[PDB]
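Residue numbers (the authors' numbering), protein chains in the order written: chain A, 1 to 260; chain B, 1 to 258.
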């Protein structure tokens with residue numbers, strides 16, 4: 001049975017001891033894939049602004065080293081948003097650390113808002129065409145989407161066309177958006193008949209921005225199966241194939257016949 | 001200012017002064033566009049299956065005449081889902097009755113589910129490509145969508161591209177979907193930076209299907225501004241232009257680059 005673990009974390013300690021325990025707990029429970037929230041390996045975006053470039057590089061390189069070692073140690077995959085420091089430029093990626101190597105997903109759409117300007121801070125390549133990041137985990141068809149990227153219908157049309165079973169959404173969400181995020185993710189899952197795993201971070205920032213966590217699992221019917229609180233927690237999910245729920249409303253069968 | 005009225009009604013009877021009275025109250029308040037829900041002019045869909053064509057034709061033609069006369073009397077526009085009885089078939093349209101004539105919108109995507117098989121009952125034209133029905137109401141850019149059609153991303157992409165200010169959704173929604181409909185419409189208004197007016201019907205059917213009404217107005221930020229109850233009511237809204245909300249989140253500017 002294919003199980004996935006989501007870790008609700010604040011910014012990770014430099015000592016791997018606490019992360020080591022959760023990976024062992026996942027493996028003991030039969031989990032072979034672990035997901036981390038945004039800005040869990042690194043400090044939060046606004047805290048990165050008041051940090052020296054070398055300190056961010058040291059933070060990323062040290063914890064990437066722990067993830068690569070721990071993936072080999074427990075023979076599992078780890079999904080983790082990572083801030084890549086090349087020279088003086090920064091890239092926002094999502095790492096897929098595995099025992100045999102590291103694959104990365106470069107975020108295609110970043111937040112441009114002045115108070116949270118990821119577009120100006122990061123130097124991510126903007127592709128000519130948007131393409132969803134997809135991978136197969138055992139018998140499941142999965143896709144990787146960042147929290148901000150879930151706001152665009154163009155990504156979801158690809159998820160429906162590729163008949164994705166589970167969409168993994170690492171994010172960093174603030175408590176004053178709790179209801180809107182629930183309504184958005186439940187609607188995306190119901191409309192496109194796919195399960196959504198949304199892993200959030202916890203913690204308060206220098207501007208007293210509250211990260212409530214609320215890591216949740218939504219099934220292909222648009223219903224919430226699992227939920228987490230505001231504390232440090234681990235969520236294990238048994239995701240199912242979306243074939244059965246797809247049949248119920250048949251949105252794909254209707255949409256496939258048109259030529260738009 | 002540009003105001004719109006939504007009337008929450010059950011299936012209206014043959015001799016009814018309710019449309020006459022509500023239109024006068026709307027016009028007095030400065031409303032020049034009134035919206036009706038699905039199956040308000042007609043009997044509910046499951047009731048229509050056990051009705052003779054002449055009986056349904058009698059129902060539709062009488063209300064079409066009343067709307068044409070009432071539109072000229074009060075010099076305003078009426079939006080109403082209408083069951084058109086043709087020579088060999090029935091068609092599900094949305095009428096936009098005006099003082100100067102009658103325009104109609106033929107539903108492009110119909111429900112095919114066994115218990116509510118509108119696709120089987122109606123003979124609506126199936127277009128090769130979906131196109132949103134758009135009209136200009138005073139200074140607002142408006143779109144007309146049926147309740148079921150709001151489930152499809154293709155429509156909203158067109159609504160976003162045309163920088164629509166208000167999307168009008170006449171619908172027939174039942175109480176076991178109240179939460180899902182709110183989550184869906186609030187998400188659509190937020191994501192596409194458009195105000196949404198969803199007008200529902202009220203009443204219980206022969207199968208004990210409860211129509212809760214709950215006609216609501218959602219702004220371009222994805223917030224519920226106005227709402228109605230389960231009884232017959234009128235909702236007057238003053239829609240604002242979505243330029244401010246579009247600039248705030250900039251979903252259009254980001255997608256337009258691709």
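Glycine is no exception: its CB is placed at the ideal position from the N, C-alpha and C atoms.
Less than 9 Å between the beta carbons of residue i and residue j, yes or no?
i                      : j                      : result
residue 112 of chain B : residue 94 of chain B  : no
residue 21 of chain B  : residue 77 of chain B  : no
residue 181 of chain B : residue 44 of chain B  : no
residue 171 of chain B : residue 249 of chain B : no
residue 60 of chain B  : residue 84 of chain B  : yes
residue 201 of chain A : residue 9 of chain A   : yes
residue 14 of chain A  : residue 62 of chain A  : yes
residue 168 of chain B : residue 144 of chain B : yes
residue 211 of chain A : residue 175 of chain A : yes
residue 64 of chain A  : residue 79 of chain A  : no
residue 121 of chain A : residue 48 of chain A  : yes
residue 243 of chain B : residue 153 of chain A : no
residue 254 of chain B : residue 109 of chain A : yes
residue 231 of chain A : residue 213 of chain A : yes
residue 23 of chain B  : residue 73 of chain B  : yes
Can you find the residues in the same chain that come closer than 6 Å, C-beta to C-beta, to residue i, ignoring five residues on each side of it along the sequence?
i                      : result
residue 158 of chain A : 132
residue 26 of chain A  : 5 and 34
residue 241 of chain A : 165
residue 246 of chain B : 193 and 252
residue 221 of chain A : 245
residue 57 of chain A  : 85
residue 146 of chain A : 107
residue 173 of chain A : 181 and 200
residue 46 of chain A  : 205
residue 89 of chain A  : 123
residue 104 of chain B : 93 and 95
Going by other Cβ atoms of all chains shown within 10 Å of its Cβ, with 16 needed for buried, is residue i buried or exposed?
i                      : result
residue 98 of chain B  : buried
residue 37 of chain B  : buried
residue 161 of chain B : exposed
residue 258 of chain B : exposed
residue 229 of chain A : exposed
residue 190 of chain B : buried
residue 149 of chain B : buried
residue 151 of chain A : buried
residue 71 of chain B  : buried
residue 52 of chain A  : exposed
residue 207 of chain A : exposed
residue 118 of chain B : buried
Of all the CB atoms in chain A, is at least one closer than 9 Å to the CB of residue i?
i                      : result
residue 258 of chain B : yes
residue 190 of chain B : yes
residue 183 of chain B : yes
What in chain B is Cβ-close to residue i, meaning under 7 Å?
i                      : result
residue 156 of chain A : 153
Given the structure, does residue i come close to the ligand MG, in the sense that its CB is under 8 Å from one of the ligand's heavy atoms?
i                      : result
residue 236 of chain A : The model depicted lacks the ligand MG and carries no ligand whatsoever.
Which bits of chain A does residue i rub up against, with CB to CB less than 8 Å?
i                      : result
residue 109 of chain B : 254
Here's a check: name, in chain order, each residue in its chain whose Cβ is nearer than 7 Å to the Cβ of residue i, leaving out the five neighbours to either side.
i                      : result
residue 226 of chain A : 216, 217, 235 and 237
residue 55 of chain B  : none
residue 106 of chain A : 91, 93, 124 and 125
residue 68 of chain B  : 97 and 102
residue 239 of chain B : 2, 4, 140, 165, 166 and 195
residue 233 of chain B : 8
Note down, in chain order, every chain E residue with its Cβ under 8 Å from the Cβ of residue i.
i                      : result
residue 128 of chain B : The structure shown has no chain E; the protein chains it does contain are A and B.
Chain B partners of residue i, CB-CB under 9 Å?
i                      : result
residue 180 of chain A : 186, 187, 190 and 222
Does any residue of chain B bring its CB to less than 9 Å from the CB of residue i?
i                      : result
residue 251 of chain A : yes
residue 112 of chain A : yes
CB-CB under 8 Å to residue i, same chain, minus the five flanking residues each way: which ones, in chain order?
i                      : result
residue 31 of chain B  : 3, 4, 5, 76 and 236
residue 224 of chain A : 182, 186, 216, 217 and 218
residue 139 of chain A : 2 and 241
residue 184 of chain A : 150 and 151
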